[PDB]
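Structure assessment
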Amino acid sequence: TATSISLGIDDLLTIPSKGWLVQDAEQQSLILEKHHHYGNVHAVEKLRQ
Amino acid sequence: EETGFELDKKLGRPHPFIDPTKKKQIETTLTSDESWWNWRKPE
Amino acid sequence: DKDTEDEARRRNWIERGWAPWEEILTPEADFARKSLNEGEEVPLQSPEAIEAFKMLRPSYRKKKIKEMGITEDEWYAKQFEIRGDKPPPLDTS
Amino acid sequence: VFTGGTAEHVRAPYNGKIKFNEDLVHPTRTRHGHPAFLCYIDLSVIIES
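Calculation rules
- Residues numbered from 1 in each chain as written, not as in the entry; some residues may be left out.
- Chains lettered and ligands numbered in written order.
- Part of a larger assembly, values for the part shown.
- Heavy atoms only, no water.
- Helix = DSSP H or I, 4+ residues; strand = E, 2+ residues; numbered from the N terminus.
- Buried < 20%, exposed > 50% of the residue type's maximum accessible area, 1.4 Å probe, protein only.
- Contact = heavy atoms within 4.5 Å.
- Areas by Shrake-Rupley, 256 points an atom, 1.4 Å probe, with all protein chains shown as cover.
- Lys, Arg positive; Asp, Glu negative; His and termini not counted.
- Charge placed at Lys NZ, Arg CZ, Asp CG, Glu CD.
- Core = buried A, V, L, I, M, F, W, Y, C linked by side-chain atoms within 4.5 Å.
- Axes fitted to C-alpha atoms, helices over the stretch in contact; angles between N-to-C directions.
- Parallel < 35°, antiparallel > 145°, perpendicular 65-115°, else oblique.
- Left-handed = near helix turned anticlockwise from the far one by under 90°.
- Nonpolar A, V, L, I, M, F, W, Y, C, P; charged D, E, K, R; others polar.
- Buried area = accessible area lost by both parts, 1.4 Å probe.
- Salt bridge = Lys/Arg side-chain N within 4 Å of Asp/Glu carboxyl O.
- Polar contact = N/O pair within 3.5 Å; in protein donor to acceptor, adjacent residues only side chain to side chain.
- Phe/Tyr/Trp six-rings, centres within 6.5 Å; stacked < 30°, edge-to-face > 60°.
- Arc of directions from axis to C-beta.

The deposited coordinates derive from cryo-EM, with the record listing a resolution of 3.00 Å.

Written out as structure tokens, the structure is:
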């Protein structure tokens, strides 16, 4: 009670590198999807990735 | 004692993490033609 | 009955209009067909697959083109050459 | 799920270029369709940061 721990919107601290990692994953996913359309990889390879 | 860098770092005063005088220039890398697909920049 | 892989092929040509047309594949697409034969994740042992792997880098393409003496446009034109046995030459009398 | 075992990803700890001898490793195609190298020895890679 005295310390009164309490969570706010900004208390939900996110990893600083989430933006980089998500952006890197999107680039790999987009590049792979583009070549899946080209026919350089098959559907299962896209699905696993 | 030293001055500038290695003194701000010792005392914790604001300084770059990497010493500019010791920052090696990054060498030339693959130019999207020595590299496979899936690692090239999307153009 | 059944159909061997010599009359179904003939049936496809005659009835289905089949023909083994050339497919001018990109180095990425060519590598896919030469590497998926060996398995899923295995060291590529076939020399065709190994060569297809090295062709994924267009820089490596330049070396082979330069070594064999091609202006780098004949090679772009050589890949479009018709593959397979040629028909007997015509002798119009 | 797809690698059929325990898979650990070695992530780059520093920015920079990677130096290693590509002849020491065998070419392969990953389950995602990406070309890669299979390492069968205790290969050491250099990241010049």
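1. Some remarks on the overall build of chain D
The secondary structure content of chain D amounts to zero helices and four strands. Helices (α) and strands (β) of chain D occur, in sequence order from the N terminus, as β-β-β-β. The principal-axis extents of the C-alpha atoms in chain D amount to approximately 35 × 25 × 20 Å. Looking at chain D as a whole, 24% of its 49 residues are labelled buried. Partitioning the contacts of chain D with sequence separation of at least 6, the portion at a separation of at least 24 is 52%. Of the roughly 3,700 Å² that chain D leaves accessible, carbon and sulfur atoms contribute 54%. The centroid of the 5 positive side-chain charges in chain D is displaced by 10 Å from the centroid of its 5 negative side-chain charges.

2. Considerations on the nonpolar core
Judged by nonpolar contacts, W36(B), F31(C), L44(C), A49(C), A52(C), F53(C) and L56(C) together constitute the single largest core of seven residues. In terms of residues, this core owes the most to one element, helix α3 (residues 47-54) of chain C, which gives three residues. In contact with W36(B), other than residues within four places in its own chain, are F53(C), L56(C), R57(C), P35(D), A36(D) and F37(D).

3. Observations concerning the packing of helix α2 (residues 27-35) of chain C against α3(C)
Residue and element names in this part refer to chain C. In the contact formed by α2 and α3, the axes pass within 9 Å of each other and the chain directions differ by 155 degrees. One finds that α2 runs roughly antiparallel with respect to α3. Judged by the sense of rotation from one axis to the other, the crossing of α2 with α3 is left-handed. Contact residues: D30, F31, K34 and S35 in α2; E48, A49, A52 and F53 in α3. Classifying every residue of the contact of α2 with α3 by side-chain character gives four nonpolar, one polar and three charged.

4. Quick look at the interface of chain B and chain A
Between chain B and chain A, the residue contacts involve five residues of the former and five residues of the latter. On the chain B side of the contact with chain A, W37(B), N38(B) and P42(B) bury the most area, a combined 79% of that side's loss. At the boundary of chain B and chain A, one finds zero salt bridges. Between chain B and chain A we count zero residue pairs in polar contact in total. When grouped by side-chain class, the residues that make up the side of chain B that touches chain A number three nonpolar, one polar and one charged.

5. Overview of the packing of aromatic side chains
One pass over the full model with this rule turns up seven aromatic pairs over all chains. Plain terms: the ring middles of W75(C) and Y76(C) are 5.8 Å apart, the flat faces sit at 65 degrees to each other, and that makes the pair edge-to-face. Since its relative accessible area comes to 35%, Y76(C) is described here as partly exposed. Taken together, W36(B), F31(C), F53(C), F20(D) and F37(D) form an aromatic cluster joined through their ring pairs.

6. Concerning the environment of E72(C)
Residue and element names in this part refer to chain C. Looking at where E72 falls in the secondary structure, it is placed in the loop between α4 (58-67) and α5 (74-78). Residue class for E72 comes out partly exposed when judged on its relative accessible area of 30%. Leave out the neighbours within four places in its chain, and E72 touches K62 and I65.

7. Observations concerning α3(C)
The complete set of buried residues in α3(C) reads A49(C), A52(C) and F53(C). The arc that holds the buried residues of α3(C), viewed along the axis, is 105 degrees, so those residues lie on one side. Its buried side turned inward, α3(C) meets α2 of chain C together with β2 (26-29) and β3 (35-38) of chain D.

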